[PDB]
Amino acid sequence: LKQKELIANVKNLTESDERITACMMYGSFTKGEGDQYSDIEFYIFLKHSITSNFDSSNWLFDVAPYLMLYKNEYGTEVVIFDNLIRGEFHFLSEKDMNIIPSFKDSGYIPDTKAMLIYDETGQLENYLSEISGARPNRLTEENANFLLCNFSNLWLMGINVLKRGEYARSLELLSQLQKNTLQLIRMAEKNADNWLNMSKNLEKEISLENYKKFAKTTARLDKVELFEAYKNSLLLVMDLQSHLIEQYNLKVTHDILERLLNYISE
Amino acid sequence: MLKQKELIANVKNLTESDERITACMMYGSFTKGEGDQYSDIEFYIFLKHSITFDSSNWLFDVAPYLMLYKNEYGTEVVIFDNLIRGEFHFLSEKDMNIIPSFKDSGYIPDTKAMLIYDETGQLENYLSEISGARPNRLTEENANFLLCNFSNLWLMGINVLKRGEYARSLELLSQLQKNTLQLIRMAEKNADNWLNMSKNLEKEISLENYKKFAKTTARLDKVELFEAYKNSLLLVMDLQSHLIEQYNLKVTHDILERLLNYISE
Ligand SMILES: [Mg+2]
Ligand SMILES: [Mg+2]
Ligand SMILES: [Mg+2]
Ligand SMILES: [Mg+2]
Ligand SMILES: [Mg+2]
């Protein structure tokens, strides 16, 4: 893979460059899930006193020639190499390495070995032992209640703008409630490790039954398809709620969802 | 009388008589002349510093509600028992100074309708700072970010699509759609509705671009997803050919064409 060649380049450069103290890889190439369609992604930790004016534009071209480079909304350097492989590079001071422990709240990290690319002082290796084996429990009454409330809120807002005739806006809201729906399916089916990245591997991770029901909650920009998608997403959530009520105390009840159902006609 | 106007009246009544409340500010469509039967209601409630308060008790006094939670942004969101949606921020009076920053997020046509209650006169003072104001979205910085962000998300979305991660590509497509709407609004110079880029879209962009945008949408289906991604790129190619004449752009026609060629690769 071209991306494994780029990874080896990153490993080579981060170890030899005096400006760089540590390098941590994340994403699919750290979990055995990388393929030809994958990106590459790293945190690059810099010597504190040169962090501000670090020439990332030049350094990244030293990794490989690129077509395009920009800083995204979260302050990550995002690159498209001339071979069309995407790379995400988060440049921070060595002193901000203390953000690493918070990564234990973000997902399943069974192994940490592929994450350590370079570690000058030993401190990256210690931070990673803090997150190794992390596995947040998503199957909580708090998640189920937040998701059902959020869904009801988004669904009602979406149906309102749809009734108004704001079709594009109801479509945008529909995509937000789809994300909510995936997390709920993952709760109902107890396959919730892919939590923030809820659509990742969906085709391999959920029952055909719920996958098809989810497919029915999608729509193109068209009034009839939108009304159909909204009704189906409420019907799906009604199914998910009757399952989740067996294991959690829910503030959103069938009678509340029933009020939303009757509203579509009004 | 709209159900929301009776609720607004109740909010006015309660905030002006409660000793714990220093000020009340309304925002959204009912302060922009766009409120209707499908609208929600929304307010910042500013509290005496020492008591910053049980919101659920107070909100029940506005009207009985079916559900109340805090959204991902810390806002209290309520569905009243007549199905009207309300969004309430409870903050200390000392946070009233966030008000001048509102001119950074959009056009402020009517600060008179925004003032619900103002014990000290300070709310009116902050509001007068933002009256008539709006950001100018028509910049090289915006065109560059959006074209770059689009290309990033498009390449990522097309990759997961080729992998056969259909639901993931659909999620990314909706992120692309938002970028595309901002780009259309730049190209057509109608950019007030920026953060809320879908707002009044049917009324605010040309029919030609609306129909092009409609072709960038898909259901959860391989064929429809490929069609949407292709059309997404072709629309952006149209847009940057307009944008290149006004701004110096990092994303060139040649780059977009390499992306177009990649669809079949
Ligand atoms: Mg990745
Ligand atoms: Mg990535
Ligand atoms: Mg509103
Ligand atoms: Mg609102
Ligand atoms: Mg009471």
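Within chain A one finds nine helices and six strands. Here the C-alpha coordinates of chain A stretch approximately 65 × 40 × 35 Å along the principal axes. Looking at chain A alone, contacts between residues at least 24 apart form 62% of all its contacts between residues at least 6 apart.

Here we come to the pattern of salt bridges. For the structure shown, the criterion picks out 30 salt bridges over all chains. The partner of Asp39 of chain A in a salt bridge is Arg86 of chain A, and the shortest N-O contact between them spans 3.1 Å. Here the residue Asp39 of chain A occupies a position in the loop between β1 (20-25) and β2 (40-46), and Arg86 of chain A occupies one in strand β5 (residues 86-93), the gap between them amounting to 47 residues. Linked by salt bridges that have partners in common, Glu33, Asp35 and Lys200 of chain A together with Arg163, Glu165 and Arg168 of chain B make up one network.

This brings us to the environment of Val77 of chain B. Residue and element names in this part refer to chain B. You can see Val77 is positioned in strand β4 (residues 76-80). For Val77, a relative accessible area of 1% puts it in the buried group. When the C-alpha atoms of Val77 and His89 are compared, they prove to be 8.9 Å apart, with 12 residues separating the residues in sequence.

Below, the discussion takes up the UniProt feature "binding site: Mg(2+) 2" (unreviewed entry) in chain B. As annotated in UniProt, the feature "binding site: Mg(2+) 2" (unreviewed entry) corresponds to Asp61 of chain B in the numbering used here. Looking at the secondary structure, you find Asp61 of chain B in helix α2 (residues 55-62).

To continue, consider the coordination of the magnesium ion (ligand 4). Six octahedrally arranged donors around a metal ideally form angles of 90 or 180 degrees; four tetrahedrally arranged donors ideally form angles of 109.5 degrees. Residue and element names in this part refer to chain B. Protein ligation of the magnesium ion (ligand 4) involves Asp40 (OD) and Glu42 (OE), the donor distances falling in the range 2.2 to 2.3 Å. In this structure the magnesium ion (ligand 3) is found 3.6 Å away from the magnesium ion (ligand 4), and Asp40 serves as a bridging donor for the pair. We note that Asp40, like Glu42, is buried.

All names here are of chain B. In terms of residue burial, strand β5 (residues 85-92) counts as a mostly covered element, since seven of its eight residues are buried. Where strand β2 (residues 41-47) lies against β5, seven bridges are found, and the strand directions are parallel. By the bridge assignment for β5, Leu47 is matched with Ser92. Count of turn residues in the β4/β5 antiparallel hairpin: four residues, of which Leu83 carries a positive phi of about 70 degrees.

Below, the discussion takes up the domain arrangement of chain B. All names here are of chain B. By the assigned domains, chain B splits into domain 1 (2-135) and domain 2 (136-265). Summarising the inter-unit geometry, the C-alpha centres of domain 1 and domain 2 are found 35 Å apart. Contact with domain 1, which involves seven residues of that partner, is made by six residues of domain 2. Approximately 570 Å² of surface area, both sides summed, lies buried where domain 1 meets domain 2, with 33% of it carried by carbon and sulfur atoms. In terms of surface lost to domain 2, no three residues of domain 1 exceed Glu34, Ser105 and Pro135, which account for 66% of the buried area on that side. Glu34 is the salt-bridge partner of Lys199, the closest N and O atoms lying 3.2 Å from each other. Scanning the region where domain 1 abuts domain 2 turns up four residue pairs in polar contact. Among the residues forming the side of domain 1 that touches domain 2, the class breakdown is two nonpolar, two polar and three charged.

Rules used in this analysis
- Residues numbered from 1 in each chain as written, not as in the entry; some residues may be left out.
- Chains lettered and ligands numbered in written order.
- Heavy atoms only, no water.
- Residues with missing side-chain atoms left out of burial classes, pairs and counts.
- Helix = DSSP H or I, 4+ residues; strand = E, 2+ residues; numbered from the N terminus.
- Contact = heavy atoms within 4.5 Å.
- Salt bridge = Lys/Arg side-chain N within 4 Å of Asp/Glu carboxyl O.
- Buried < 20%, exposed > 50% of the residue type's maximum accessible area, 1.4 Å probe, protein only.
- UniProt positions renumbered as here; feature names shortened; annotations may be inferred.
- Donors = N, O, S within 2.8 Å, 3.2 Å for Na, K, Ca; no water.
- Pairing = 2+ DSSP bridges.
- Domains from an automatic or database assignment.
- Buried area = accessible area lost by both parts, 1.4 Å probe.
- Polar contact = N/O pair within 3.5 Å; in protein donor to acceptor, adjacent residues only side chain to side chain.
- Nonpolar A, V, L, I, M, F, W, Y, C, P; charged D, E, K, R; others polar.

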